[PDB]
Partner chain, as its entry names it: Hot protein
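Only one chain is given next, in structure tokens, and it is the form deposited without its partner chain.
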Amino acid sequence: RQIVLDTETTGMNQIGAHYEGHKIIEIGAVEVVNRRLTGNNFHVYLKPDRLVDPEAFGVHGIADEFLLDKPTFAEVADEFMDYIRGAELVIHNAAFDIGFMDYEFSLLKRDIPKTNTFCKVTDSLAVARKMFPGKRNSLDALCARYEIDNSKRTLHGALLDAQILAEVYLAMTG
């Protein structure tokens, strides 16, 4: 199975570990088998117990109030692991999301191993940069390059972004 994944967070750090002190607020993952979307996805919004930084809010528009009644990462971790285990994770700038995932997994104090020990990790941004050296390779740039619709992406969304990346990646490898 190939799982195309994306996450939205409360923000990120420009110095040191990018995830330190921040939290995942949305996880969006799409399943692809034999180069075909199966339709069986994973999508959750999470309660961070901290505020979303202004910069981050300017990107996804997810309000603090909307997350108050959501599950915590700890409450979705088991099913999340059951969903991704053994698959090839396809993520645009993989180190970003994997960093947050391993960070959140570590806070659970359950001795959960690193994601890349039970999942194969493919950085689709590295793949794109290799195929299109010297060109723009943001997800939006790739959407234009492969004629994928991102008109509903004024504000980024984890599932929205994962779905778009799935289409882009299938075309890139098609």
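Numbering follows the first chain given and starts at 1.
Quick note: we don't show the form solved in complex with its partner chain, though the next part is all about it.
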Legend entry - Partner proximity in the deposited complex: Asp64 to its partner chain, non-hydrogen atom cutoff 4.5 Å: yes
Legend entry - Proximity of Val76 to its partner chain in the deposited complex, heavy atoms at 4.5 Å: yes
Legend entry - Contact test in the deposited complex: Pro133 vs its partner chain, heavy atoms, 4.5 Å: no
Legend entry - Heavy atom of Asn41 within 4.5 Å of its partner chain in the deposited complex: yes
Legend entry - Triple contact flag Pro54, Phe57 and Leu68 to its partner chain in the deposited complex, non-hydrogen atom at 4.5 angstroms: yes
Inset, instruction - Counting only non-hydrogen atoms, choose the one of 122-130, 45-53, 141-149, 101-109 that falls within 4.5 Å of its partner chain in the deposited complex. - result: 45-53
